[PDB]
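Structure below is model31.pdb: PDB, C-alpha atoms (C1' of nucleotides).
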ATOM      1  CA  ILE A   1       0.000   0.000   0.000  1.00  0.00           C
ATOM      2  CA  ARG A   2       3.089   2.144   0.779  1.00  0.00           C
ATOM      3  CA  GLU A   3       4.212   2.046  -2.847  1.00  0.00           C
ATOM      4  CA  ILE A   4       0.524   2.657  -3.746  1.00  0.00           C
ATOM      5  CA  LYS A   5       1.117   6.102  -2.127  1.00  0.00           C
ATOM      6  CA  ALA A   6       4.884   6.786  -2.979  1.00  0.00           C
ATOM      7  CA  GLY A   7       4.615   5.594  -6.585  1.00  0.00           C
ATOM      8  CA  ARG A   8       2.709   2.552  -7.857  1.00  0.00           C
ATOM      9  CA  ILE A   9       1.282   2.114 -11.407  1.00  0.00           C
ATOM     10  CA  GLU A  10       0.121  -1.427 -12.181  1.00  0.00           C
ATOM     11  CA  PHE A  11      -0.408  -3.668 -15.231  1.00  0.00           C
ATOM     12  CA  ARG A  12      -3.447  -5.538 -16.624  1.00  0.00           C
ATOM     13  CA  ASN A  13      -3.940  -6.300 -20.294  1.00  0.00           C
ATOM     14  CA  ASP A  14      -7.542  -5.480 -21.107  1.00  0.00           C
ATOM     15  CA  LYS A  15      -9.845  -7.660 -23.283  1.00  0.00           C
ATOM     16  CA  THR A  16      -7.830  -7.205 -26.522  1.00  0.00           C
ATOM     17  CA  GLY A  17      -4.234  -7.427 -25.260  1.00  0.00           C
ATOM     18  CA  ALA A  18      -3.161  -3.987 -24.068  1.00  0.00           C
ATOM     19  CA  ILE A  19      -1.937  -2.274 -20.915  1.00  0.00           C
ATOM     20  CA  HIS A  20      -1.920   1.303 -19.620  1.00  0.00           C
ATOM     21  CA  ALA A  21       0.169   3.070 -16.980  1.00  0.00           C
ATOM     22  CA  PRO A  22       1.711   6.335 -15.710  1.00  0.00           C
ATOM     23  CA  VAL A  23       5.435   6.545 -16.579  1.00  0.00           C
ATOM     24  CA  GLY A  24       6.229  10.327 -16.178  1.00  0.00           C
ATOM     25  CA  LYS A  25       4.480  13.660 -15.245  1.00  0.00           C
ATOM     26  CA  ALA A  26       3.699  16.550 -17.638  1.00  0.00           C
ATOM     27  CA  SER A  27       6.180  19.331 -16.642  1.00  0.00           C
ATOM     28  CA  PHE A  28       8.235  16.436 -15.220  1.00  0.00           C
ATOM     29  CA  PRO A  29      11.935  16.147 -16.211  1.00  0.00           C
ATOM     30  CA  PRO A  30      12.376  14.550 -19.644  1.00  0.00           C
ATOM     31  CA  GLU A  31      15.058  12.125 -18.460  1.00  0.00           C
ATOM     32  CA  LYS A  32      12.530  11.252 -15.709  1.00  0.00           C
ATOM     33  CA  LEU A  33       9.603  10.476 -17.944  1.00  0.00           C
ATOM     34  CA  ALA A  34      12.273   8.365 -19.694  1.00  0.00           C
ATOM     35  CA  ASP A  35      13.302   6.385 -16.557  1.00  0.00           C
ATOM     36  CA  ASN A  36       9.735   5.622 -15.552  1.00  0.00           C
ATOM     37  CA  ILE A  37       8.802   4.742 -19.119  1.00  0.00           C
ATOM     38  CA  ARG A  38      11.704   2.304 -18.537  1.00  0.00           C
ATOM     39  CA  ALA A  39      10.784   0.699 -15.128  1.00  0.00           C
ATOM     40  CA  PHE A  40       7.494  -0.001 -16.875  1.00  0.00           C
ATOM     41  CA  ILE A  41       9.468  -1.364 -19.932  1.00  0.00           C
ATOM     42  CA  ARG A  42      11.040  -3.847 -17.562  1.00  0.00           C
ATOM     43  CA  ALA A  43       8.277  -5.045 -15.237  1.00  0.00           C
ATOM     44  CA  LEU A  44       6.044  -5.315 -18.294  1.00  0.00           C
ATOM     45  CA  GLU A  45       8.760  -7.242 -20.209  1.00  0.00           C
ATOM     46  CA  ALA A  46       8.947  -9.612 -17.237  1.00  0.00           C
ATOM     47  CA  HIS A  47       5.172 -10.122 -17.040  1.00  0.00           C
ATOM     48  CA  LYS A  48       5.449 -11.131 -20.715  1.00  0.00           C
ATOM     49  CA  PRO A  49       3.791 -14.584 -20.460  1.00  0.00           C
ATOM     50  CA  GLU A  50       5.694 -17.504 -22.051  1.00  0.00           C
ATOM     51  CA  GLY A  51       2.625 -17.876 -24.227  1.00  0.00           C
ATOM     52  CA  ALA A  52       3.982 -15.348 -26.734  1.00  0.00           C
ATOM     53  CA  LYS A  53       5.237 -16.355 -30.198  1.00  0.00           C
ATOM     54  CA  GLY A  54       7.022 -13.567 -32.118  1.00  0.00           C
ATOM     55  CA  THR A  55       6.475  -9.787 -32.073  1.00  0.00           C
ATOM     56  CA  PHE A  56       5.309  -9.523 -28.474  1.00  0.00           C
ATOM     57  CA  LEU A  57       5.669  -5.829 -27.604  1.00  0.00           C
ATOM     58  CA  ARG A  58       3.740  -4.926 -30.682  1.00  0.00           C
ATOM     59  CA  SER A  59       2.809  -1.299 -30.131  1.00  0.00           C
ATOM     60  CA  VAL A  60       4.486   0.606 -27.314  1.00  0.00           C
ATOM     61  CA  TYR A  61       3.686   4.278 -26.907  1.00  0.00           C
ATOM     62  CA  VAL A  62       3.284   7.440 -24.937  1.00  0.00           C
ATOM     63  CA  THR A  63       0.041   9.379 -25.332  1.00  0.00           C
ATOM     64  CA  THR A  64      -1.472  11.794 -22.918  1.00  0.00           C
ATOM     65  CA  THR A  65      -4.913  12.087 -21.429  1.00  0.00           C
ATOM     66  CA  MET A  66      -6.488  14.656 -23.748  1.00  0.00           C
ATOM     67  CA  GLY A  67      -3.528  15.376 -26.036  1.00  0.00           C
ATOM     68  CA  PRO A  68      -0.888  13.827 -28.325  1.00  0.00           C
ATOM     69  CA  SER A  69      -0.366  10.089 -29.166  1.00  0.00           C
ATOM     70  CA  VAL A  70       3.036   8.872 -30.404  1.00  0.00           C
ATOM     71  CA  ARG A  71       4.774   5.548 -30.332  1.00  0.00           C
ATOM     72  CA  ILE A  72       8.101   5.247 -28.589  1.00  0.00           C
ATOM     73  CA  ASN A  73      10.988   2.841 -29.326  1.00  0.00           C
ATOM     74  CA  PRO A  74      11.798   1.696 -25.682  1.00  0.00           C
ATOM     75  CA  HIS A  75      15.053   0.471 -27.186  1.00  0.00           C
ATOM     76  CA  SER A  76      16.773   3.909 -27.389  1.00  0.00           C
TER      77      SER A  76
ATOM     78  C1'   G B   1     -24.900   0.088 -13.660  1.00  0.00           C
ATOM     79  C1'   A B   2     -21.946  -5.570 -14.547  1.00  0.00           C
ATOM     80  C1'   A B   3     -19.847  -0.040 -17.264  1.00  0.00           C
ATOM     81  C1'   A B   4     -20.135   6.864 -17.599  1.00  0.00           C
ATOM     82  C1'   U B   5     -20.277   9.768 -20.352  1.00  0.00           C
ATOM     83  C1'   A B   6     -15.802  15.580 -22.395  1.00  0.00           C
ATOM     84  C1'   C B   7     -12.138  15.390 -25.323  1.00  0.00           C
ATOM     85  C1'   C B   8      -7.539  12.763 -26.331  1.00  0.00           C
ATOM     86  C1'   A B   9      -5.049   7.018 -26.109  1.00  0.00           C
ATOM     87  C1'   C B  10      -4.506   1.837 -27.796  1.00  0.00           C
ATOM     88  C1'   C B  11      -7.732  -2.904 -29.223  1.00  0.00           C
ATOM     89  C1'   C B  12     -11.365  -5.540 -31.177  1.00  0.00           C
ATOM     90  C1'   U B  13     -16.996  -7.320 -34.146  1.00  0.00           C
ATOM     91  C1'   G B  14     -18.774  -5.882 -38.430  1.00  0.00           C
ATOM     92  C1'   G B  15     -18.954  -3.265 -44.014  1.00  0.00           C
ATOM     93  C1'   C B  16     -16.914  -0.149 -47.291  1.00  0.00           C
ATOM     94  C1'   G B  17     -12.362   3.225 -49.342  1.00  0.00           C
ATOM     95  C1'   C B  18      -6.924   2.419 -51.408  1.00  0.00           C
ATOM     96  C1'   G B  19      -2.349   0.121 -51.800  1.00  0.00           C
ATOM     97  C1'   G B  20       2.377  -4.690 -51.811  1.00  0.00           C
ATOM     98  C1'   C B  21       1.807  -9.870 -51.944  1.00  0.00           C
ATOM     99  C1'   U B  22      -0.717 -14.095 -54.205  1.00  0.00           C
ATOM    100  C1'   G B  23      -5.128 -17.994 -54.903  1.00  0.00           C
ATOM    101  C1'   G B  24     -10.174 -18.592 -59.083  1.00  0.00           C
ATOM    102  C1'   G B  25     -11.825 -17.954 -63.808  1.00  0.00           C
ATOM    103  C1'   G B  26     -14.252 -15.909 -69.399  1.00  0.00           C
ATOM    104  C1'   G B  27     -12.692 -13.996 -74.553  1.00  0.00           C
ATOM    105  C1'   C B  28      -9.554 -13.830 -81.553  1.00  0.00           C
ATOM    106  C1'   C B  29      -5.250 -13.988 -82.011  1.00  0.00           C
ATOM    107  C1'   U B  30       0.650 -16.013 -82.228  1.00  0.00           C
ATOM    108  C1'   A B  31       5.294 -16.127 -84.260  1.00  0.00           C
ATOM    109  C1'   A B  32       7.429 -21.940 -80.507  1.00  0.00           C
ATOM    110  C1'   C B  33       4.240 -26.809 -81.124  1.00  0.00           C
ATOM    111  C1'   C B  34       0.700 -30.407 -83.869  1.00  0.00           C
ATOM    112  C1'   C B  35      -2.158 -31.682 -87.757  1.00  0.00           C
ATOM    113  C1'   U B  36      -1.390 -29.295 -92.038  1.00  0.00           C
ATOM    114  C1'   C B  37      -2.845 -28.040 -98.359  1.00  0.00           C
ATOM    115  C1'   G B  38      -5.252 -30.576-102.707  1.00  0.00           C
ATOM    116  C1'   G B  39      -1.040 -31.599-107.767  1.00  0.00           C
ATOM    117  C1'   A B  40       4.755 -25.992-104.738  1.00  0.00           C
ATOM    118  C1'   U B  41       9.717 -24.436 -99.561  1.00  0.00           C
ATOM    119  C1'   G B  42       3.758 -19.804 -99.759  1.00  0.00           C
ATOM    120  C1'   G B  43      -1.660 -20.750 -98.250  1.00  0.00           C
ATOM    121  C1'   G B  44      -4.892 -23.848 -94.599  1.00  0.00           C
ATOM    122  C1'   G B  45      -7.028 -25.949 -89.658  1.00  0.00           C
ATOM    123  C1'   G B  46      -5.869 -26.387 -84.561  1.00  0.00           C
ATOM    124  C1'   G B  47      -2.420 -22.949 -80.809  1.00  0.00           C
ATOM    125  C1'   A B  48      -0.139 -21.721 -75.431  1.00  0.00           C
ATOM    126  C1'   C B  49      -3.937 -26.355 -75.731  1.00  0.00           C
ATOM    127  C1'   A B  50      -1.897 -30.703 -76.136  1.00  0.00           C
ATOM    128  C1'   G B  51       1.297 -33.341 -77.540  1.00  0.00           C
ATOM    129  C1'   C B  52       6.276 -33.693 -75.190  1.00  0.00           C
ATOM    130  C1'   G B  53      10.729 -33.569 -70.638  1.00  0.00           C
ATOM    131  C1'   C B  54      10.794 -34.029 -65.343  1.00  0.00           C
ATOM    132  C1'   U B  55       8.625 -34.146 -60.387  1.00  0.00           C
ATOM    133  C1'   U B  56       3.255 -34.862 -58.106  1.00  0.00           C
ATOM    134  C1'   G B  57      -0.981 -37.827 -56.241  1.00  0.00           C
ATOM    135  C1'   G B  58      -4.154 -41.879 -57.671  1.00  0.00           C
ATOM    136  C1'   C B  59      -6.833 -45.945 -60.182  1.00  0.00           C
ATOM    137  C1'   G B  60      -4.827 -50.235 -61.184  1.00  0.00           C
ATOM    138  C1'   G B  61      -3.934 -58.247 -62.292  1.00  0.00           C
ATOM    139  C1'   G B  62      -3.721 -56.522 -67.073  1.00  0.00           C
ATOM    140  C1'   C B  63       1.459 -57.593 -65.780  1.00  0.00           C
ATOM    141  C1'   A B  64       5.843 -59.395 -62.077  1.00  0.00           C
ATOM    142  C1'   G B  65       8.044 -61.590 -57.762  1.00  0.00           C
ATOM    143  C1'   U B  66       6.631 -64.272 -52.533  1.00  0.00           C
ATOM    144  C1'   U B  67       4.128 -66.024 -48.990  1.00  0.00           C
ATOM    145  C1'   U B  68      -1.241 -68.359 -47.430  1.00  0.00           C
ATOM    146  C1'   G B  69       2.238 -72.181 -39.505  1.00  0.00           C
ATOM    147  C1'   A B  70       2.929 -76.857 -36.077  1.00  0.00           C
ATOM    148  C1'   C B  71       0.464 -80.322 -33.377  1.00  0.00           C
ATOM    149  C1'   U B  72      -3.047 -84.087 -33.944  1.00  0.00           C
ATOM    150  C1'   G B  73      -3.965 -92.958 -32.597  1.00  0.00           C
ATOM    151  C1'   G B  74      -3.696 -90.264 -42.177  1.00  0.00           C
ATOM    152  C1'   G B  75      -4.373 -85.511 -44.580  1.00  0.00           C
ATOM    153  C1'   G B  76      -8.185 -81.530 -44.311  1.00  0.00           C
ATOM    154  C1'   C B  77     -12.675 -79.751 -42.053  1.00  0.00           C
ATOM    155  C1'   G B  78     -12.820 -80.103 -36.422  1.00  0.00           C
ATOM    156  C1'   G B  79     -10.022 -79.028 -31.965  1.00  0.00           C
ATOM    157  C1'   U B  80      -5.460 -76.425 -30.208  1.00  0.00           C
TER     158        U B  80
END
Now, as a test, write the supplied structure out as structure tokens.
Amino acid sequence: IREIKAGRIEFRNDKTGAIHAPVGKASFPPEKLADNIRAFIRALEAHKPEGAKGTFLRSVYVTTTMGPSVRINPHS
RNA sequence: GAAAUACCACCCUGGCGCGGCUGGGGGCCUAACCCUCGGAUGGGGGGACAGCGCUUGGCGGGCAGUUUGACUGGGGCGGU
């Protein structure tokens, strides 16, 4: 519950195979948004069930609430 | 209410837009090919077909080459 308050963000693919989560604030340092995007990269990557065959992380992006929507290459 | 609603995200059920891949089929030719003409190496009919080469799957006695056991007061049929 502690992390629920200090920083949490969970995972849960919805009906069609997708997840959503907070990985950086708006006015928040760029490098930061980067790092969190990352921690998510990882835990997600881990969750990756062994039932995957091929292009698993199909579409990975950053989009806001009411705003822009652009994919990100969590590689670089 | 099992869900909440703005406007921005991804993902599907379903139909239409367009584009790269490739599956299905319907039309005279034509120059390879075949038959060709009818008295000439030029004309004629057919022509991308089937002839034919190879690889494919399948009918398939017409053919080939084997096999279709031992016991048991014969063999076999009967038993086993």
Measuring between all atoms listed in the file, which one of B:12, B:51, B:70, B:3 shows the shortest distance to chain A? B:12
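Atom CA of residue 4 of chain A is positioned 26.1 Å from atom CA of residue 72 of chain A.
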Selection result for the PyMOL selection byres ((chain A) within 9 of (chain B)) on this file, as a PyMOL selection string: chain A and resi 14-20+59+61-69
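Note that atom CA of residue 74 of chain A and atom CA of residue 37 of chain A are 7.8 Å apart.
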Mind telling me what the PyMOL selection byres ((chain B and resi 16-32) around 10) catches here, as a ChimeraX atom specification? /B:15,33,47-48
What does the distance between atom CA of residue 54 of chain A and atom CA of residue 24 of chain A come to in Å, to one decimal place?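 We find that atom CA of residue 54 of chain A and atom CA of residue 24 of chain A lie 28.7 Å from each other.
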List the neighbours of residue 46 of chain B out to 12 Å using all atoms listed in the file; skip same-chain residues closer than 3 positions along the sequence, and give me the result as a PyMOL selection string. chain B and resi 33-36+49-50
Store the residues picked out above in a file with C-alpha atoms (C1' of nucleotides), as a PDB file, keeping the file's coordinate frame.
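Below you can see again.pdb, which holds the result:
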ATOM      1  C1'   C B  33       4.240 -26.809 -81.124  1.00  0.00           C
ATOM      2  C1'   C B  34       0.700 -30.407 -83.869  1.00  0.00           C
ATOM      3  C1'   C B  35      -2.158 -31.682 -87.757  1.00  0.00           C
ATOM      4  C1'   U B  36      -1.390 -29.295 -92.038  1.00  0.00           C
ATOM      5  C1'   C B  49      -3.937 -26.355 -75.731  1.00  0.00           C
ATOM      6  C1'   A B  50      -1.897 -30.703 -76.136  1.00  0.00           C
TER       7        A B  50
END
Box along x, y and z, 6 Å on every side, all listed atoms of segment 43-58 of chain B inside: centre and edge lengths in Å to one decimal, as AutoDock Vina command-line options.
--center_x 1.9 --center_y -31.3 --center_z -77.2 --size_x 29.8 --size_y 33.1 --size_z 54.0
Since the input has fewer atoms than a full residue there, write segment 21-56 of chain A out with N, CA and C atoms, as a JSON list (two decimals), in the frame of the given file.
[["chain", "number", "residue", "atom", "x", "y", "z"],
["A", 21, "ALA", "N", -0.46, 2.69, -18.24],
["A", 21, "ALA", "CA", 0.17, 3.07, -16.98],
["A", 21, "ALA", "C", 0.89, 4.40, -17.02],
["A", 22, "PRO", "N", 1.03, 5.05, -15.85],
["A", 22, "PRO", "CA", 1.71, 6.34, -15.71],
["A", 22, "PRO", "C", 3.22, 6.10, -15.62],
["A", 23, "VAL", "N", 3.98, 6.68, -16.56],
["A", 23, "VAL", "CA", 5.44, 6.54, -16.58],
["A", 23, "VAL", "C", 6.19, 7.90, -16.75],
["A", 24, "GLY", "N", 5.65, 8.97, -16.13],
["A", 24, "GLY", "CA", 6.23, 10.33, -16.18],
["A", 24, "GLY", "C", 5.20, 11.48, -16.10],
["A", 25, "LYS", "N", 5.45, 12.55, -15.33],
["A", 25, "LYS", "CA", 4.48, 13.66, -15.24],
["A", 25, "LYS", "C", 4.60, 14.61, -16.44],
["A", 26, "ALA", "N", 3.70, 15.60, -16.52],
["A", 26, "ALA", "CA", 3.70, 16.55, -17.64],
["A", 26, "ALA", "C", 4.91, 17.48, -17.73],
["A", 27, "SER", "N", 5.13, 18.33, -16.83],
["A", 27, "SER", "CA", 6.18, 19.33, -16.64],
["A", 27, "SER", "C", 7.39, 18.63, -16.04],
["A", 28, "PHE", "N", 7.21, 17.31, -15.78],
["A", 28, "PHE", "CA", 8.24, 16.44, -15.22],
["A", 28, "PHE", "C", 9.48, 16.26, -16.09],
["A", 29, "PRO", "N", 10.68, 16.30, -15.47],
["A", 29, "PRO", "CA", 11.94, 16.15, -16.21],
["A", 29, "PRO", "C", 11.85, 15.11, -17.32],
["A", 30, "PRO", "N", 12.39, 15.45, -18.50],
["A", 30, "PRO", "CA", 12.38, 14.55, -19.64],
["A", 30, "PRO", "C", 13.07, 13.23, -19.31],
["A", 31, "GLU", "N", 14.30, 13.32, -18.82],
["A", 31, "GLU", "CA", 15.06, 12.12, -18.46],
["A", 31, "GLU", "C", 14.18, 11.28, -17.55],
["A", 32, "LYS", "N", 13.44, 11.94, -16.65],
["A", 32, "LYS", "CA", 12.53, 11.25, -15.71],
["A", 32, "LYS", "C", 11.48, 10.45, -16.46],
["A", 33, "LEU", "N", 10.63, 11.15, -17.18],
["A", 33, "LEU", "CA", 9.60, 10.48, -17.94],
["A", 33, "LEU", "C", 10.28, 9.26, -18.60],
["A", 34, "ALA", "N", 11.50, 9.45, -19.09],
["A", 34, "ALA", "CA", 12.27, 8.36, -19.69],
["A", 34, "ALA", "C", 12.42, 7.18, -18.75],
["A", 35, "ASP", "N", 13.08, 7.40, -17.60],
["A", 35, "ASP", "CA", 13.30, 6.38, -16.56],
["A", 35, "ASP", "C", 12.05, 5.63, -16.17],
["A", 36, "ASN", "N", 10.95, 6.34, -15.94],
["A", 36, "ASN", "CA", 9.74, 5.62, -15.55],
["A", 36, "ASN", "C", 9.21, 4.80, -16.72],
["A", 37, "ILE", "N", 9.21, 5.43, -17.90],
["A", 37, "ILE", "CA", 8.80, 4.74, -19.12],
["A", 37, "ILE", "C", 9.56, 3.42, -18.96],
["A", 38, "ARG", "N", 10.87, 3.49, -18.74],
["A", 38, "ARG", "CA", 11.70, 2.30, -18.54],
["A", 38, "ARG", "C", 11.22, 1.29, -17.47],
["A", 39, "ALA", "N", 11.22, 1.64, -16.17],
["A", 39, "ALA", "CA", 10.78, 0.70, -15.13],
["A", 39, "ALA", "C", 9.55, -0.07, -15.62],
["A", 40, "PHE", "N", 8.67, 0.65, -16.31],
["A", 40, "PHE", "CA", 7.49, 0.00, -16.88],
["A", 40, "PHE", "C", 7.98, -0.98, -17.97],
["A", 41, "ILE", "N", 8.87, -0.52, -18.87],
["A", 41, "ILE", "CA", 9.47, -1.36, -19.93],
["A", 41, "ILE", "C", 9.79, -2.70, -19.31],
["A", 42, "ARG", "N", 10.60, -2.65, -18.26],
["A", 42, "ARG", "CA", 11.04, -3.85, -17.56],
["A", 42, "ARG", "C", 9.95, -4.68, -16.93],
["A", 43, "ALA", "N", 9.28, -4.19, -15.88],
["A", 43, "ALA", "CA", 8.28, -5.04, -15.24],
["A", 43, "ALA", "C", 7.33, -5.65, -16.26],
["A", 44, "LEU", "N", 6.93, -4.85, -17.24],
["A", 44, "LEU", "CA", 6.04, -5.32, -18.29],
["A", 44, "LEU", "C", 6.77, -6.51, -18.94],
["A", 45, "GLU", "N", 7.93, -6.23, -19.55],
["A", 45, "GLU", "CA", 8.76, -7.24, -20.21],
["A", 45, "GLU", "C", 8.77, -8.56, -19.42],
["A", 46, "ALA", "N", 8.95, -8.45, -18.11],
["A", 46, "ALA", "CA", 8.95, -9.61, -17.24],
["A", 46, "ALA", "C", 7.59, -10.31, -17.32],
["A", 47, "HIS", "N", 6.53, -9.57, -16.99],
["A", 47, "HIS", "CA", 5.17, -10.12, -17.04],
["A", 47, "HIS", "C", 4.98, -10.94, -18.32],
["A", 48, "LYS", "N", 5.52, -10.44, -19.42],
["A", 48, "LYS", "CA", 5.45, -11.13, -20.72],
["A", 48, "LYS", "C", 5.28, -12.64, -20.60],
["A", 49, "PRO", "N", 4.02, -13.13, -20.57],
["A", 49, "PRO", "CA", 3.79, -14.58, -20.46],
["A", 49, "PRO", "C", 4.49, -15.43, -21.54],
["A", 50, "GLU", "N", 4.99, -16.60, -21.14],
["A", 50, "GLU", "CA", 5.69, -17.50, -22.05],
["A", 50, "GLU", "C", 4.80, -17.98, -23.17],
["A", 51, "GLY", "N", 3.56, -17.49, -23.19],
["A", 51, "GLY", "CA", 2.62, -17.88, -24.23],
["A", 51, "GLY", "C", 2.70, -16.97, -25.44],
["A", 52, "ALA", "N", 3.81, -16.25, -25.60],
["A", 52, "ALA", "CA", 3.98, -15.35, -26.73],
["A", 52, "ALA", "C", 4.86, -15.98, -27.80],
["A", 53, "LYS", "N", 4.49, -15.79, -29.07],
["A", 53, "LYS", "CA", 5.24, -16.36, -30.20],
["A", 53, "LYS", "C", 5.54, -15.35, -31.32],
["A", 54, "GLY", "N", 6.60, -14.55, -31.13],
["A", 54, "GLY", "CA", 7.02, -13.57, -32.12],
["A", 54, "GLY", "C", 7.19, -12.12, -31.67],
["A", 55, "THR", "N", 6.48, -11.22, -32.35],
["A", 55, "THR", "CA", 6.48, -9.79, -32.07],
["A", 55, "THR", "C", 5.55, -9.54, -30.88],
["A", 56, "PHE", "N", 6.10, -9.70, -29.68],
["A", 56, "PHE", "CA", 5.31, -9.52, -28.47],
["A", 56, "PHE", "C", 4.93, -8.09, -28.16]]
